[PDB]
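The chains referred to below are lettered A, B, ... by the order of the sequence lines, with proteins before strands, and numbering in each begins at 1. Side chains included, hydrogens not; waters and symmetry mates left out as well; all remaining heavy atoms used.
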Amino acid sequence: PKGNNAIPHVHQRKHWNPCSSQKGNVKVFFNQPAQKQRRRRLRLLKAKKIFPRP
Amino acid sequence: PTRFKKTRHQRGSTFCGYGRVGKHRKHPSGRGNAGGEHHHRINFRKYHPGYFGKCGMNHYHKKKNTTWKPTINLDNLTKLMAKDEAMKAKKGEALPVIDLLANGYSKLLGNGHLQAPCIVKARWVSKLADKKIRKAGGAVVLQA
Amino acid sequence: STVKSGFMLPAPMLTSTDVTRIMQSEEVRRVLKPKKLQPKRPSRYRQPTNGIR
Amino acid sequence: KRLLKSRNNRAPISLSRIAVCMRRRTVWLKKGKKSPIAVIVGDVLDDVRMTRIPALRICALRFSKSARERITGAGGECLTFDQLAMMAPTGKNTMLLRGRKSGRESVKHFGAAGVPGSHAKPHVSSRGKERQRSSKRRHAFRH
Amino acid sequence: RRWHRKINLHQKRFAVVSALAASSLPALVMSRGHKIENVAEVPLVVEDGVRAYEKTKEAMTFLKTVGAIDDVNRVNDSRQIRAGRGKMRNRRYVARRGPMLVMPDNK
Amino acid sequence: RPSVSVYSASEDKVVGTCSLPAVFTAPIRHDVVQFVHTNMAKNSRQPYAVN
Amino acid sequence: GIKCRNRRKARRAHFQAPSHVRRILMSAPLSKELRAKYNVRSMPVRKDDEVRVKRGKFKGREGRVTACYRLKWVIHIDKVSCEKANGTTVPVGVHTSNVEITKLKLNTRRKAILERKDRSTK
Amino acid sequence: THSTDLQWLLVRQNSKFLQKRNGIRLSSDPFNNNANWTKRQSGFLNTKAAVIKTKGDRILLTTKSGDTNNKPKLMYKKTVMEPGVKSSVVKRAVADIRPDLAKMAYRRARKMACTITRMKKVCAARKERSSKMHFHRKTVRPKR
RNA sequence: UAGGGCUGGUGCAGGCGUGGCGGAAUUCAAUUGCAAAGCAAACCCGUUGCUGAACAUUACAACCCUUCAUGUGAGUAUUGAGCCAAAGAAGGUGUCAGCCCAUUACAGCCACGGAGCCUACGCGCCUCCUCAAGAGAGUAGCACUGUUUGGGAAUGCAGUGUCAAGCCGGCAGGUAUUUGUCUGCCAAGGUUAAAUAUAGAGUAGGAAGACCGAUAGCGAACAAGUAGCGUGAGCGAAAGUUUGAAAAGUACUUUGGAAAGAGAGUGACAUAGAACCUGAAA
RNA sequence: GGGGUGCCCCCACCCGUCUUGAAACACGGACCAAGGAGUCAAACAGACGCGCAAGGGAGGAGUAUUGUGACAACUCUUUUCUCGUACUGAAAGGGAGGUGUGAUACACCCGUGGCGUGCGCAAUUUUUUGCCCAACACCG
RNA sequence: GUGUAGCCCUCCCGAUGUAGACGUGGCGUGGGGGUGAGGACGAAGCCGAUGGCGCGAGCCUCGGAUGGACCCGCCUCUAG
RNA sequence: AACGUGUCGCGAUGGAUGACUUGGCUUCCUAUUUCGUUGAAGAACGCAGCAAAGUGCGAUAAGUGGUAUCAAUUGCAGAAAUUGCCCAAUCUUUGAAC
Ligand SMILES: [K+]
Ligand SMILES: [K+]
Ligand SMILES: [Mg+2]
Ligand SMILES: [Mg+2]
Ligand SMILES: [Mg+2]
Ligand SMILES: [Mg+2]
Ligand SMILES: [Mg+2]
Ligand SMILES: [Mg+2]
Ligand SMILES: [Mg+2]
Ligand SMILES: [Mg+2]
Ligand SMILES: [Mg+2]
Ligand SMILES: [Mg+2]
Ligand SMILES: [Mg+2]
Ligand SMILES: [Mg+2]
Ligand SMILES: [Mg+2]
Ligand SMILES: [Mg+2]
Ligand SMILES: [Mg+2]
Ligand code: NA
Ligand code: NA
Ligand code: NA
C-alpha cells in the first residue's frame, strides 16, 4: 500500500537502456583517467616544440 | 551487498512474503500516478491537497540571475568580522568595515540583538535594521 | 598542517584511556557501597518443604 | 542509560543555551558556593549570536573547534567523562542538560497535510506543481 | 553498475592518521603478524645514508644489521601457488606483506 | 616530549636523536580504518558484463 | 619476449612459434671446459653435436645428435633408443634443456655466432 | 599513550595468536600460561607478564617488567632456576610481578616438573628399544 | 639593400619507419620403501648437541596361521652448503625452479630506407616574385493550410496567393494593436585545424580483468555460419582426439572362417589398450 | 554405547496446490544427473553506523608522480556550484530579541515573554522548598 | 561481560501456530584483501552395516584391495 | 517348491563430478591506419609424389623474385633448403561488368 511519499517524476520512459532489441542511449566515463594522461602528454610535447614561446 | 537482503532469508519459503492469497502480480492499481481522481483519490487528497489545479500568473523567459538577493541578519554579523576585530569595538572609536557584496550577501535584515558596532556596506536594508545599527553606534553605507 | 589546508589532529574523547586505573583508584573506592555478608553454602541433606508433616 | 542511545536520540546543544541555563540557576546561589558543572551526553556547538559568556565548566562527548576556543577564551574549561568520574563521582554539584529535537525537519512532516487542523508539511518533490489558491485550502483549526 | 565510491576528504585523512599511530605500538605490530623480536626500537629510524646505496648486496647487509631480515625471510618462505580459479587469471602466485621503508622522495 | 634514537645503517650504534611527532599519539579508530579501506579498495576494479 | 603477465598470451606464442623461433627456444648449456674457452653460457643445439644427458632415464649417457625434431620439441641421439615388439630399434626423444653440450660442430657461421655472444671487455 | 584496555578491544576479535578451531578459542601466545584467550593471560599485551617453561632439565622463567616496553629486543629477560626447585619459590617470583597470577603460576610450575620427569623416562625407554633394533641407514649432519 | 626551401630547377644534412643482435649466478653434496627424516616450544644459544614404536635379521599386501615369491616412475620435494640481483617477471622443461632454457636493459649496436612528414618557416647555387560611393529580391515580410517545438494572440520549416525598404533604412529585444524613444547587430554567396563520437565497422599492434570455465562463455575452445532443413525469403546443430614422460600402440604360441578368446610381452600403474584422465546416480 | 537385518504388541489415509472446507470420484505428480526464478540503475522517505557543524559537500578540470600507478596524494584573498542558516504574497513588494519608561518614540544589554505539569542537582526535617533540561498544554 | 565451547553460582516467570514481521560471535557455495598451515611417506573429486559431535542447517575422524596434483582453517570484502 | 523381496562383495550400462584451457566476454591505449573501371567485395573452377575436407596459391598455381637469419622437412618417399618480413612479378571463368 502506498503511504505518505513524494509524487515521483523519474523521467525514464524512453528506450535508453541497451537490451536485446534496442541499441540504447548512454554515456560512460571509463576513459577519464586515460584521457587525463593524454592531455598532459600533449601539453608537454607542445611546450618542447615551441620553446621558448609561452 | 546481496548477502544482507531479505531474499537470502527467504530461500525455502515459496512466497517471499507476498502471501498465498493475493499473490505477487504485475501492476495492480495501475502504472505510475494513475487514478489520481478515481480509486486513488483518498491518498491524493489526504497527503497532497494542492496537487490538482492552477494558481497565479505566468512569467515567460525567467532569468534567475536578475533576482539574486541573499540576506543576512544583524545577529550574524560577527561571523564575517576578523577573528580579532570583534570584542574591542566601542561607541566612538574606529570600527571595522564590512562589505556584504564581497562575502556574497545583498540585503541586511534586522533580527536579533547586535553584538558589536560596525560599518556595513550593502545594497538593500530593512527599516528595522537601519534603526538598530544606528542606535548601537554603527552606520550603513549604500553600495551598488 | 602546512600541506593539507586547515587540517589538525582530532581531539581525543578521553583524556586518559586507562579505565581500569580509575575503577581501582582511591577516589572512586571511597564512595563505593559496602559489601554485605552472604549465606552459608547449602550442604547435603536437602531442606524440607512440607510445613505440616 | 543515555550512553547507550542512538545518535538521533543524543541531540546537540548550543553554547548559548548552556550559558542561559547556568545564569538562571547560579543567580540564586548562597554566599560561599561554587557554580555546578554542566553535563551533556552529546555534542556542544558554538553560537555566533551570544559572543559573551562567563567562565563555564562543561563535560561533553565532543566539542566543536570554535566552541572550544570560545569556552577557553572566556576562562572556562572543557572536561571529558573520564575526568568527571574522578573529580565528582556519584555526580555531586552537576547540572544535567539535553539538546533540542522538536525543531527537526523530519518532525515537521509528521501527519497528513490535508486533514483539518494539521499544519503538517507535505513531502514536496516539485514545488511549482503543488500550489493552491488561498481559497480551497483546508480548515486551519479543530477542537 | 556503480563500480567506484566517494569518500569524505576528512574521513580519509582520519584513517591515515589512525593507521600511523597503530604502527608505533609493538603489541599491535606483532598481532598483525610481523616478526620484530630483534628490532632495537619502535618506531625504527635509521640514518639517511641508505639512499646512496647502489648494489643489492649492500641493502641486504643493512637489513640484516638492523634486524629486519626476519620479516623478509618470512615472506620468502610463504610464496606458494594460489588455490582455485585465480591461478588461471594472471594471479598464479601469492605471498605475504613484509616491512615498508619510507623515503623523503621518490629517489 | 619523548625522544626517538636514530640507528646507523652499518653497525649497532645510536647516531642521533629526534622528537616524537604528534601524529603517533592520535586516537586509534580501527572502525574508521575498516570503513575507509572497504570503500577505497573498490576504486581499482575493472568493469565486466555479458553481450 | 614470450613471457608476459598474460598467461594465455604467453602460452599461445610459445606453442605457435615458427621454425626459426623454435631453434632459439631449444638451447642447451655448454660444458665447463667449453665455457672457459668461449665465455658463452649456452648455445642452440644443431645436428652432429655431441651431448651428455643430465636428467631423466638416460642419465649420464653420451652420444651424437642425429636429429633436431623441431615439430616435437625434442632431439634424437644415437645409442639412445628403445626396442619395439618385433625387434626394431627406434630413437627416443629428449628435451634439449635436459642435456649439456660437450663438443661443438664449427663452421664460419657458428664461429661468428660464438664471437658475437662472447662476454669480454674492450 | 594507549592503555592495554584499548589494545585488547582492538585485537580481541582478530589476531594471529587467536586459534578458533571447532568452536574452541585457544591461543598460541608464547607468553601465555594455559593458552586461554581471555586477557590477564596474554602476556604479549599486558605491560607486565611472566611465563614458565623448561630448558633441558631446568625450569626457565621469562619476565617482562613495565620498563622499556618500546624496545622489542630488551623487553624480556630470561632466568634459569636451580635443579629441583620447589614450586613455591617459582610462585613467589611470579607474584612479585603479577600478583593476580600467583595460583596459576604454582599449577604451571608443578606441571613443568612432571613433564621434565616424564620426558626423561620416555626417551630412555625409546633408546633401549633402538639398541636391540637394526636399521638400514643412518644419517649424519656434516660438521660446519 | 633583403626575404620566400609553399615560385621553379639542381645538390647536400639529421629524425620519424622496418628488421635483426647484445646482460649475472648450483643441474652443488647426500637415495630408489622404511633418516633425500626429525627434536632442542617468541629471539639467542645453534657454524651446536641428541636420534628411530616402518627393521626384535624388515614392515605392508584382505577369514586365521606358517612358508615361498613379487612391489615403489621422473628430484622444480626435504636437509646442508653457496652464488646473482640497476635482473625476484608471471612462459617452457617427466612433481612446487632467481642460479636447466628462453626472458628481464639501454639509466646501447648494426643493416635497408623510393616518396611523405619534422628540424634558425634545416643548409648552398641558378632563375622568378615580392618588400566620393556601395555592401547579395519572387529575397525578407504578410494571409490560408499542414507539420514541428517548452515556445504559450502562433519556436522553426513546407505548399499556394500576395510581395518590400534603403532624402527620417532593415532585423532582434519571449502577451496581441497603433504611435514615440533606447540598446545590440547588418540576412538573403563561399572556405576553415584543436578540444567531441565510434551504441553489432575495418588494417596492424599493445595493456589488461575481484568476468565465464565445455548444458557456462559468441551460434561456433573441434574440416562452424559447417553438417542438416525449406520452392524461396530464411533457419541452423551436436562434438574438449584430456592414453601415456615417452607409441615403448601388445612381436610370438595356441583355439577360431572371421570377429575375438586363452597365454606371453611393453610400461611404476593395462581395472592407462586407442576417441583410452577421474568414472557418480537411475 | 553405536550400526545392520528380521520378528512380536501398539500407533499410523498421498504429497504439492487453490479453497469456508482435500485421503478425495478436484488439478500437477515413471526414475536419475546437470541447469532453474526479487536483480542493476535513478528520485525520495524512515530506522541504524561514521565525519564535521551554522555550516556541510563537491563535480569537471588542473599540479606533482613502470612505480601495489585506471590506485593513492595535493588544489586556501573566505570555491567556481549546490543544500542549509528566513519566511511570506497571485504579484508589485516586504521581512521577525528582551526589559523598563512614555503614547524608524526614548534609555539599557550576564541573557530563559508569562503560566501549568515536568529527569536530575542544590537546601532544610525525620517533610517542604529552589533551579528547572528535554517534551506537552494555555495565553500574549 | 547483548550475542559462544555462553566469566561463574543461585532463584522466578513464559514456551503450540497459517498469512506476515524481526533476530542469530547461526549453517553451506564461487571469487578479492590479510594472516596461518597442509601435499608424491599422496591434493581435489568419488565410494561406505566408519563412528563421534550439534535441537538443526551441518562439521570432523576412519577405511578404500579409489585417485594422481593441488588445497584448506580464521578475520573481513564481494556475488550469475 | 518356483516366482518375488532385502542386505553385502564384485561386475555391466552411462557419462556426472574434480582438476586442466592455444576459446569467449568486457574495458583502455598507440599509428606515415580506410576499397573499386590501373576492374573491387562476393561467387565458380582448378593447382602437392602419394592430397577427401580445411589452409595457401592461379596454367610462373601448398608457389617465382628480394632481404634478414643460418641447416633442415618429417607419416613415408624424395633431396644433400626452411622460417620471418617485403619492394619486383604472375594472377583461370565471372561479378558495378561495359
Ligand atoms: K630441464
Ligand atoms: K517569398
Ligand atoms: Mg576516446
Ligand atoms: Mg495485493
Ligand atoms: Mg480476493
Ligand atoms: Mg547585407
Ligand atoms: Mg562548412
Ligand atoms: Mg557452447
Ligand atoms: Mg577411464
Ligand atoms: Mg468450492
Ligand atoms: Mg491435500
Ligand atoms: Mg468423492
Ligand atoms: Mg513458536
Ligand atoms: Mg511461515
Ligand atoms: Mg561466479
Ligand atoms: Mg541463480
Ligand atoms: Mg557482357
Ligand atoms: Na551452442
Ligand atoms: Na479448486
Ligand atoms: Na486449474
Please classify the nucleic acid contact of [X] as base, sugar-phosphate, or nothing, using heavy-atom distances under 4.0 Å.
X: D:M95; result: nothing
X: B:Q10; result: nothing
X: D:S134; result: sugar-phosphate
X: B:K132; result: base

G:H95 NE2 - I:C101 P separation (whole Å): 13 Å
G:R8 CZ to I:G92 P, straight-line distance once rounded to whole Å: 15 Å
Tell me whether the side-chain N/O atoms of [X] come closer than 4.0 Å to OP1 or OP2 in [N].
X: E:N90; N: I:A90; value: no
X: E:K57; N: I:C84; value: yes
X: A:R40; N: J:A64; value: yes
X: E:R13; N: J:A73; value: no
X: A:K27; N: I:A199; value: no

Identified ring pair (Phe, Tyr, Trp, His ring centres under 6.0 Å) counterpart of H:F31 within the set H:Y76, H:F17, H:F44: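 Checked H:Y76, H:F17, H:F44 against H:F31; only one passes ring pair (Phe, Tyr, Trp, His ring centres under 6.0 Å): H:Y76.
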Using the [atom1] atom on both, measure [N] against [M] and round to a whole Å.
N: I:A42; M: I:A35; atom1: P; result: 27 Å
N: I:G20; M: I:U103; atom1: P; result: 13 Å
N: K:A37; M: I:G206; atom1: P; result: 43 Å

Paired, I:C112 vs I:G17, Watson-Crick or G-U, distances below 3.5 Å: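 I:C112/I:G17: base pair present.
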Sequence-distant partners of G:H95, ring-ring contact (aromatic ring centres under 6.0 Å, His included), two or more places apart: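 For G:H95, no residue satisfies ring-ring contact (aromatic ring centres under 6.0 Å, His included) once neighbours in sequence are set aside.
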Identified pairing partner of I:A233, criterion: Watson-Crick or G-U wobble below 3.5 Å: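 Across any shown strand, I:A233 pairs with none.
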Cation-pi geometry met for D:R25 and D:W28 (6.0 Å, 45°): no
Test: E:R82 cationic atom under 6.0 Å from E:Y93 six-membered ring centre, within 45° of axis: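 Negative - E:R82 is either too far from the ring of E:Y93 or too far off its axis.
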What's the closest nucleotide to the [X] side chain, out of [options]?
X: D:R7; options: J:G111, J:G51, J:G38; result: J:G51
X: E:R89; options: I:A42, I:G213, I:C34; result: I:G213
X: D:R23; options: I:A56, J:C110, I:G49; result: J:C110

Quick check: any donor-acceptor pair below 3.5 Å linking the side-chain of [X] to the base of [N]?
X: G:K3; N: I:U103; answer: yes
X: B:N73; N: J:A86; answer: yes
X: D:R17; N: J:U112; answer: yes
X: E:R79; N: I:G88; answer: no
X: E:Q11; N: J:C50; answer: yes
X: G:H20; N: I:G20; answer: no
X: H:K78; N: I:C43; answer: yes
X: B:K107; N: J:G95; answer: yes
X: E:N106; N: J:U65; answer: no

Six-membered ring stacking of K:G39 and K:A40, under 5.5 Å, under 30°: no
Residues touching RNA chain J, which here means a heavy atom under 4.0 Å, drawn from residues 36-51 of chain F: F:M40, F:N43, F:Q46
F:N39 side-chain N/O to F:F35 backbone N/O, donor-acceptor pair under 3.5 Å: yes
Donor-acceptor pair, side chain of G:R22 and main chain of G:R70, under 3.5 angstrom: yes
Close approaches to RNA chain I from residues 31-39 of chain E, in residue order (heavy atom, under 4.0 Å): E:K35, E:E37, E:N38
Stacked pair B:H113-J:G97, distance under 5.5 Å, angle under 30°: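 Here the ring of B:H113 and the base of J:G97 are stacked, with centres under 5.5 Å and planes under 30°.
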Verify stack between H:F44 ring and I:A42 base, 5.5 Å, 30 degrees: no
